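Note on naming: letters A, B, ... go to the chains in the order of the sequence lines (proteins, then strands), and numbering restarts at 1 for each one. As a basis for the values below, the full set of heavy atoms in this structure was taken, side chains included, without hydrogen atoms, waters or symmetry mates.
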Amino acid sequence: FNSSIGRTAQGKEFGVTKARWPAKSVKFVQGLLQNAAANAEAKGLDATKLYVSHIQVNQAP
Amino acid sequence: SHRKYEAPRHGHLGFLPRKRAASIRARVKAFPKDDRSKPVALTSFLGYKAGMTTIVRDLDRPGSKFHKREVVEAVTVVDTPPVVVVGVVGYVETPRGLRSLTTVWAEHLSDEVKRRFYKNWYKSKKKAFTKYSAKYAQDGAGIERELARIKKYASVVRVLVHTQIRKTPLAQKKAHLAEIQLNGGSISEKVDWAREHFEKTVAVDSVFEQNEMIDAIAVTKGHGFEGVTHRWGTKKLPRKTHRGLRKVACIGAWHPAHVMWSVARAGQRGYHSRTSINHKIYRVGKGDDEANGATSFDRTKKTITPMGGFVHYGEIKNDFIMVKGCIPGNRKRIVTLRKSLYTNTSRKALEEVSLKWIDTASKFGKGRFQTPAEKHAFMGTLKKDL
Amino acid sequence: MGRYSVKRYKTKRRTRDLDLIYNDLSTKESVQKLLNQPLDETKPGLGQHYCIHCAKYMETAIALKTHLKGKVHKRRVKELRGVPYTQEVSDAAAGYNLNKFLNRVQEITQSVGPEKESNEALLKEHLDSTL
Amino acid sequence: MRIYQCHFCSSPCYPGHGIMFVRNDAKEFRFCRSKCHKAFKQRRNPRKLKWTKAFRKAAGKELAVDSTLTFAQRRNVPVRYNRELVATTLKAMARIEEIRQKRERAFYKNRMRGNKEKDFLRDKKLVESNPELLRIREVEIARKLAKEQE
Amino acid sequence: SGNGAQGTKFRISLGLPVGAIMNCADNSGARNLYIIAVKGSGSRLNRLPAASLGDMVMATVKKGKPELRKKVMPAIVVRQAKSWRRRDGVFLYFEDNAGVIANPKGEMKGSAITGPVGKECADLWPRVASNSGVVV
Amino acid sequence: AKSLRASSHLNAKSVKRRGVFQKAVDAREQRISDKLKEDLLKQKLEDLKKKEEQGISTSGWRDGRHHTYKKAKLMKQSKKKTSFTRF
RNA sequence: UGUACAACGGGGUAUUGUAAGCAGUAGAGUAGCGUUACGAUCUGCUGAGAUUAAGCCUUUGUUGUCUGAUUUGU
RNA sequence: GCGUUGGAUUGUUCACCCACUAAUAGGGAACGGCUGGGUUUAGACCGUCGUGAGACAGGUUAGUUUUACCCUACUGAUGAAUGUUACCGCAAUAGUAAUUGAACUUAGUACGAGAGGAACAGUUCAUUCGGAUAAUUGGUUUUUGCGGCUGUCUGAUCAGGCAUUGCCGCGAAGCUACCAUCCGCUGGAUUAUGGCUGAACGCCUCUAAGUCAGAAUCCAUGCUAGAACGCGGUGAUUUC
RNA sequence: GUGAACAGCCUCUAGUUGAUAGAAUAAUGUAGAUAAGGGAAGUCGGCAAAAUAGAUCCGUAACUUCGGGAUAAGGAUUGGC
Ligand SMILES: [Mg+2]
Ligand SMILES: [Mg+2]
Ligand SMILES: [Mg+2]
Ligand SMILES: [Mg+2]
Ligand SMILES: [Mg+2]
Ligand SMILES: [Mg+2]
Ligand SMILES: [Mg+2]
Ligand SMILES: [Mg+2]
Ligand SMILES: [Mg+2]
Ligand SMILES: [Mg+2]
Ligand SMILES: [Mg+2]
Ligand SMILES: [Mg+2]
Ligand SMILES: [Mg+2]
Ligand SMILES: [Zn+2]
Ligand SMILES: [Zn+2]
């Protein structure tokens with residue numbers, strides 16, 4: 001979803017030209033990440049070996 | 001149907017595309033034809049454009065209305081410190097054109113030219129050519145073999161030189177490196193000259209002299225995105241024309257159902273490679289001359305530098321080339337000065353220039369005085385002097 | 001640069017210079033010629049009613065009288081008092097032809113000055129009597 | 001080739017500088033700057049504008065009559081070229097300029113004598129008229145000296 | 001560069017386009033000259049032919065003698081108010097634009113010229129220099 | 001008028017070019033060569049004065065690095081079938 | 001960790017046009033008793049004062065700064 | 001190949017005059033975007049016709065249509081990947097540009113009863129176009145840099161606010177002007193044509209075989225870009 | 001307060017400081033200005049802009065229903081003390 005987006009030099013890390021800084025989306029995803037970390041800690045999993053093995057976003061009503 | 005009134009088209013179709021140049025240093029696309037009878041000589045030189053000033057010239061031009069009279073002319077000053085020879089490249093001829101066969105470098109390179117190979121100099125370990133320099137040990141085998149290869153196979157010999165940018169007032173510390181073709185004796189003689197001149201400097205008066213015609217090769221001043229009116233010289237549309245008057249009214253009215261490549265469009269102006277020819281050298285000034293801005297008519301002991309220095313550039317402390325008129329590029333830009341590609345047959349190429357006066361007033365305003373001593377002599381004693 | 005000064009001091013709208021007016025007022029013959037002008041159909045007032053100090057034609061003698069009873073005319077008359085400031089003054093200020101400037105100044109002080117003053121006085125009384 | 005003097009402000013006019021206006025009586029007016037040219041077009045008085053040499057000479061800010069100021073004048077009767085005369089002239093010009101600068105410095109010093117006396121009298125009157133601020137100054141200096149001591 | 005002109009002419013800033021009115025500096029009876037064409041002018045779309053100092057124009061007399069009016073005559077520009085550069089090193093201009101009536105060979109109709117005459121025009125035209133009392 | 005590419009004008013230009021213009025070019029070239037030799041000699045003298053205080057077959061490969069790189073490049077071209085001259 | 005970089009400061013180079021404060025015997029006159037009071041303005045200290053890179057030049061001064069993040073192998 | 005103009009005129013111009021100029025050639029890509037004539041609907045008046053509603057042989061005047069952010073084309077600008085990264089280059093292909101007049105000398109010579117009157121070679125400027133450039137001149141000013149003016153407000157001085165950049169003068173820097181300055185070339189192959197040798201055809205013939213020159217023509221030299229899937233030379237190549 | 005003035009501009013009492021923000025300053029726009037020399041050569045057409053402007057004094061034609069035209073036109077001036 002990138003038609004008519006400005007270009008930036010910070011996209012060269014991922015080999016693109018179009019990149020942005022969506023603060024609201026980042027905050028929501030950060031909250032979910034913190035919650036997942038808390039759930040793993042309650043389960044007793046090693047926090048240094050955790051990786052995001054599944055993430056899925058679809059459209060709400 | 002046909003256009004009612006004829007007019008020449010706007011713009012030159014041979015300078016297309018009007019895009020930004022690939023490098024800030026303009027490429028030399030052609031060198032003078034090599035004559036094997038002549039002694040070895042360089043075909044070009046590198047300088048930095050400092051600014052412009054004014055001269056008075058005593059003209060000797062038979063048949064002219066200004067014969068035996070004075071003329072006021074504009075000149076451009078190019079700061080030209082000696083370049084340093086650091087390499088040699090051999091070129092062979094193939095059915096696909098000229099191909100570089102091998103390159104030989106000098107044993108020791110300075111940090112000025114080492115910085116050209118780095119994007120982040122302050123963080124690097126500065127390892128460039130550190131293993132290449134080890135090939136000069138124990139009689140320099142390998143170096144000798146590559147020089148012999150150039151002698152045996154090359155048809156063109158170029159010498160790699162770099163500018164001494166530390167001598168200029170420029171804030172940039174990275175030097176400029178370029179190939180200059182050697183025109184002179186045999187291929188072996190060119191190779192011997194380059195090898196004996198490794199790590200040595202060449203001054204501008206050992207390439208050019210006074211009253212010579214040269215060519216200026218440089219990238220023009222950039223201007224960014226520009227409309228058609230100033231990009232191509234089109235006429236403005238009448239006042240309050242709908243959708244703008246700084247346009248072309250009709251970009252197409254005929255069958256091809258396309259926009260032609262020959263129609264003026266808005267886009268980049270400036271920052272193009274340009275080669276202008278036949279600029280006469282008015283002075284080859286030495287940097288150690290205390291009065292390189294003085295003439296036989298003007299006895300004022302002064303240098304070429306105007307009061308307050310050249311605007312946005314600074315003082316001239318090295319050898320300089322004063323050519324008449326203007327050259328492409330702006331102040332502090334690197335420029336390449338090339339020998340003429342042909343024997344010019346105009347009398348202006350044979351004229352001898354005698355300068356009567358060189359302007360050294362301040363370029364930072366309406367400069368009225370040539371020297372600070374003259375300014376103090378005119379004004380007198382100020383309040384802070386007593 | 002600004003529009004008022006541009007459209008007042010355009011070259012095509014230039015006025016006569018103060019040194020020229022001083023030369024006109026210095027000699028009695030010039031004053032007589034400027035007072036007795038030939039009838040010109042292109043001039044205001046048929047070339048009559050001419051103020052020499054301001055170098056200006058009036059449509060009527062009453063207009064000339066009102067002009068004489070005014071501060072603009074007084075301003076010009078005050079301007080026309082001293083040395084006319086030719087190029088020799090600026091040359092002397094720079095230090096050039098100082099003796100020539102001094103000779104001109106003493107000539108103005110001795111001979112040209114009082115004659116011009118007497119001519120101005122005679123012109124003033126003539127205008128007061130006739131107007 | 002010749003250095004001209006500005007009609008308005010007497011500044012030197014070098015070749016290719018300023019602008020010239022020719023009047024109907026063949027009088028040339030050379031101006032070193034657009035500033036002087038526009039002042040002339042507005043018909044301002046250079047003897048009333050303070051930044052001009054004409055005003056300075058008229059008001060006595062710098063000396064105007066001297067022996068060193070009579071060596072330069074327009075030469076309407078040329079002389080035959082003589083190499084030794086040219087060399088003598090070239091040395092004499094430097095000597096004359098040095099002497100003129102010395103005399104200008106002396107003139108300015110004579111003009112500005114008395115300033116020290118006036119400034120001293122003003123300072124003395126101010127010190128006499130401000131007793132309370134001096135007491136504040138003494139208190140501040142004493143506190144600073146006590147701080148330095150301890 | 002015109003018939004009767006002596007030698008080549010170097011470029012001068014153009015001051016008088018077609019439609020301009022200049023003063024008449026000779027004594028033939030004309031008061032002003034109205035420019036209708038410029039001799040030797042170039043061809044370019046939308047560009048007005050313009051005269052400079054020393055150029056020959058075709059002019060009609062607007063103010064002057066009735067016998068002198070209602071005809072087209074050659075004229076030479078001797079003064080212009082647009083500043084132009086002399087190669088000796090100064091830009092200069094006159095108070096007014098002024099010209100003199102001449103024939104196609106460059107010979108003056110009058111016998112004298114009043115007011116200053118530009119050096120360029122006087123050196124270009126020998127008859128102007130012969131009839132000029134003030135040359136710059 | 002005669003164009004820049006007019007044959008007779010170019011012939012007259014060549015006749016002129018063979019004379020004084022070429023002679024002046026040759027004299028300038030000789031002077032510049034002499035100045036270049038003088039500059040080299042002066043640099044040699046300065047280097048000697050500075051040091052006063054202090055005191056062939058072209059066959060085969062160029063080097064082992066070149067041999068390894070070129071052999072690997074040709075092997076890669078043969079394996080990937082992207083050679084210009086060899087099937 | 002240096003012909004290091006920066007923020008200030010200094011010196012040039014320019015633009016404008018003579019700062020604030022004090023004083024005078026200069027000031028058309030008028031009022032009270034030659035003096036004083038008011039007084040546009042004039043004169044002196046004063047080419048003074050102000051600005052000067054933000055895309056000007058230069059720098060023996062003062063005060064600081066030098067550091068994090070990501071990726072890349074035949 | 002390269003140019004082919006500036007204007008007057010609508011009681012009509014399906015054109016005609018004046019001038020400049022080297023010259024003011026003809027035409028196609030429509031006639032198989034702004035803008036005036038014109039398909040201009042509702043208002044109105046005059047004329048002709050009609051018994052009338054009305055229509056016209058007609059004449060005059062006034063009268064809202066308003067994309068683009070889509071695809072493509074065009075102009076410029078980035079960019080993944082083939083070990084990485086950096087520097088110096090080559091040139092397939094594409095584009096291409098210069099133009100006209102005058103002047104000195106040749107010369108008052110050739111030619112010519114006279115009146116008149118050239119050119120090549122050697123030199124100097126300018127028209128149109130193109131590419132740059134800002135030393136100088138001019139223009140521009142939110143440098144709100146300096147100064148001044150009106151009205152009001154901060155008690156006065158000083159120092160300042162507001163007046164939709166208040167107004168006036170100068171004004172560096174930058175930008176910019178045929179309103180400023182500079183620069184814009186030389187090798188092969190040809191056309192028309194003029195020839196050589198020479199048959200056809202025991203004469204002859206520039207043509208048939210062969211061959212010499214020759215146009216602002218062509219292809220190059222030179223100039224611009226550089227294949228993002230064309231290429232070469234060279235430097236360095238990681239200690240957790 | 002200025003001013004003829006409930007005009008325009010500035011201020012006291014009282015009342016607001018609301019209208020998505022931040023960063024840069026390409027082209028083209030919308031709104032507003034300045035420009036050498038010439039002065040309608042532009043254009044179907046002076047469209048649009050520019051120029052004029054308050055007040056005091058002098059002066060003011062044809063025509064006319066005698067009431068007007070008329071601020072006709074054209075000129076001189078304006079601060080402070
Ligand atoms: Mg958008
Ligand atoms: Mg241009
Ligand atoms: Mg400057
Ligand atoms: Mg047109
Ligand atoms: Mg209707
Ligand atoms: Mg010839
Ligand atoms: Mg105020
Ligand atoms: Mg034959
Ligand atoms: Mg590529
Ligand atoms: Mg204008
Ligand atoms: Mg018209
Ligand atoms: Mg037209
Ligand atoms: Mg009327
Ligand atoms: Zn008067
Ligand atoms: Zn001046």
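Proximity of B:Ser273 to the phosphate of H:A225: a side-chain N or O atom is located under 4.0 Å from OP1 or OP2. Considering only side-chain N and O atoms, B:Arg96 lies nowhere under 4.0 angstrom from the phosphate OP1 or OP2 of H:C231. Between D:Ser34 and H:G171, a side-chain N or O to OP1/OP2 separation shorter than 4.0 Å is present. Taking 4.0 angstrom as the limit, F:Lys76 places a side-chain polar atom (N or O) nearer than this to OP1 or OP2 of H:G83. Listed pair D:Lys50 / G:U16 fails the phosphate criterion, with no side-chain N or O lying under 4.0 Å from OP1 or OP2. Under 4.0 angstrom from either OP1 or OP2 of I:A27 there lies no side-chain N or O belonging to B:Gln268. Taking side-chain N and O atoms only, B:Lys384 has no distance below 4.0 Å to OP1 or OP2 of G:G49. Contact between the side-chain N/O atoms of B:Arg9 and the OP1/OP2 oxygens of H:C2 is not found at any separation under 4.0 Å. Close to H:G131, at under 4.0 Å from its OP1 or OP2, lies no side-chain N or O of B:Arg269. Neither OP1 nor OP2 of H:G169 sits under 4.0 Å from any side-chain N or O of D:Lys35. Residue B:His2 places at least one side-chain N or O under 4.0 Å from the OP1 or OP2 atom of H:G28. Taking only side-chain nitrogens and oxygens, B:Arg243 comes nearer than 4.0 Å to OP1 or OP2 of H:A68. At the phosphate of H:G79, neither OP1 nor OP2 sits under 4.0 Å from any side-chain N or O atom of A:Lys18. Contact annotation: B:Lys240 reaches the phosphate of I:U30 (side-chain N/O to OP1 or OP2, under 4.0 Å).
Judged by distance alone, with hydrogens and angles left aside, C:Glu59 brings a side-chain donor or acceptor within reach of the base of I:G74, the pair sitting under 3.5 Å. Judged by distance alone with a 3.5 Å cut-off, no donor-acceptor contact links the side chain of D:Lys38 to the base of H:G169. You'll find a donor-acceptor pair under 3.5 Å spanning the side chain of B:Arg239 and the base of I:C47, going by distance alone. Taking 3.5 Å as the limit, the base of I:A50 and the side chain of C:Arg3 contain no donor-acceptor pair of atoms between them. Judged by distance alone, with hydrogens and angles left aside, B:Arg331 brings a side-chain donor or acceptor within reach of the base of G:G55, the pair sitting under 3.5 Å. Looking at C:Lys10, its side chain has no donor and acceptor atom pair within 3.5 Å of the base of I:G37. For B:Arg116 against H:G235, no side-chain N or O and base N or O form a donor-acceptor pair under 3.5 Å. The base of G:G47 sits with one of its N or O atoms less than 3.5 Å from a complementary donor or acceptor on the side chain of D:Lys53.
Cation-pi contact between E:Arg11 and E:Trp84: absent, since separation from the ring centre below 6.0 Å together with deviation from the ring axis within 45° is not met.
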Assign a letter to each nucleotide of nucleotides 180-186 of chain H from its 5' end: B, base within under 4.0 Å of a protein heavy atom; S, sugar-phosphate only; -, no contact. SSBSSBB
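A Watson-Crick or G-U wobble pair joins H:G138 and H:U176, with the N1-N3 or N1-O2 distance and the second distance both under 3.5 Å. With both distances required under 3.5 Å, H:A118 does not pair with H:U13 in Watson-Crick or G-U wobble fashion. No Watson-Crick or G-U wobble pair links H:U96 with H:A192 when both atom distances must be under 3.5 Å. H:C74 and H:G214 make neither a Watson-Crick nor a G-U wobble pair with both donor-acceptor distances under 3.5 Å.
Taking 4.5 Å as the limit, every side-chain heavy atom of E:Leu14 sits out of range of all side-chain heavy atoms of E:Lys82.
In the set H:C20, H:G169, G:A14, the nucleotide with an atom closest to the side chain of E:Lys39 is H:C20. Side chain of B:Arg265, nearest nucleotide from H:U124, H:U75, H:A30: H:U75. Counting only heavy atoms from C-beta on, B:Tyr91 has its side chain closest to H:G89 among I:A76, H:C87, H:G89. Distances from the side chain of B:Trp261 to the nucleotides H:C74, H:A135, H:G6 place H:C74 closest. If you check H:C20, H:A77, H:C223 against the side chain of B:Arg20, the one that comes closest is H:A77. The nucleotide whose nearest atom lies closest to any side-chain atom of B:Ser100 is, among G:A53, H:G89, H:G232, H:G232. The side chain of C:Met1 approaches H:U141 more closely than any other nucleotide in the set H:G33, H:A135, H:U141. Considering only side-chain atoms of B:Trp254, the nucleotide from G:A53, H:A29, G:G12 that sits closest is H:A29. Among the nucleotides H:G101, H:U224, I:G37, the one closest to any side-chain atom of F:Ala1 is H:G101.
Across the strands present, I:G39 finds no partner; the criterion is a Watson-Crick or G-U wobble pair with both atom distances under 3.5 angstrom. Base pairing of H:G1: no nucleotide in any strand meets the Watson-Crick or G-U wobble criterion (both distances under 3.5 Å). Taking a pair to require two hydrogen-bonding distances under 3.5 Å in either a Watson-Crick or a G-U wobble arrangement, H:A110 remains unpaired. When both distances must be under 3.5 Å, the Watson-Crick or G-U wobble mate of I:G32 does not exist. Pair assignment for H:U234: H:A86, on the basis of Watson-Crick or G-U wobble contacts that are both within less than 3.5 Å. Taking a pair to require two hydrogen-bonding distances under 3.5 Å in either a Watson-Crick or a G-U wobble arrangement, H:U142 remains unpaired. The nucleotide G:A7 finds its pairing partner in G:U62, both defining distances of the Watson-Crick or G-U wobble pair being shorter than 3.5 Å.
Within the nucleic acid shown, B:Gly314 comes within 4.0 Å of sugar-phosphate atoms alone, with no base atom in reach, counting heavy atoms only. Residue B:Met379 is in base contact, counting any heavy-atom pair closer than 4.0 Å across all strands shown. Contact annotation for B:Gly329: backbone-only contact, meaning every heavy-atom pair under 4.0 Å involves sugar-phosphate atoms and none involves a base. Residue D:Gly18 is in sugar-phosphate contact alone, with no base atom involved, counting any heavy-atom pair closer than 4.0 Å across all strands shown. Nucleic acid contact class of B:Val77 (heavy atoms, under 4.0 Å, all strands): none.
In this structure, the salt bridge (charged side-chain N to carboxylate O under 4.0 Å, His left out) partners of F:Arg62, at least two apart in sequence or on a different chain, are B:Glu146.
Judged by ring centres under 5.5 angstrom apart and ring planes under 30 degrees, H:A80 stacks on its strand neighbour H:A81. Under the 5.5 Å centre and 30° plane thresholds, G:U25 does not stack on its strand neighbour G:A26. Judged on ring centres (limit 5.5 Å) and ring planes (limit 30°), G:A28 and G:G29 do not form a stacked step. Adjacent in the strand, H:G202 and H:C203 do not form a stacked pair, their six-membered rings missing the 5.5 Å centre or the 30 degree orientation threshold. Neighbours H:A68 and H:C69 do not stack on each other, since their six-membered rings do not meet both centres under 5.5 Å apart and planes tilted under 30°.
Of the residues near RNA chain I, C:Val6 and E:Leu48, the one whose nearest nucleotide (by heavy atom distance) lies more toward the 5' end is C:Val6.
For the pair D:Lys116 and D:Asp119, the salt-bridge criterion is not met [side-chain N within less than 4.0 Å of a carboxylate O].
The stretch residues 219-231 of chain B touches RNA chain I through B:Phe225, B:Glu226, B:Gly227, each having a heavy atom within less than 4.0 Å of the strand.
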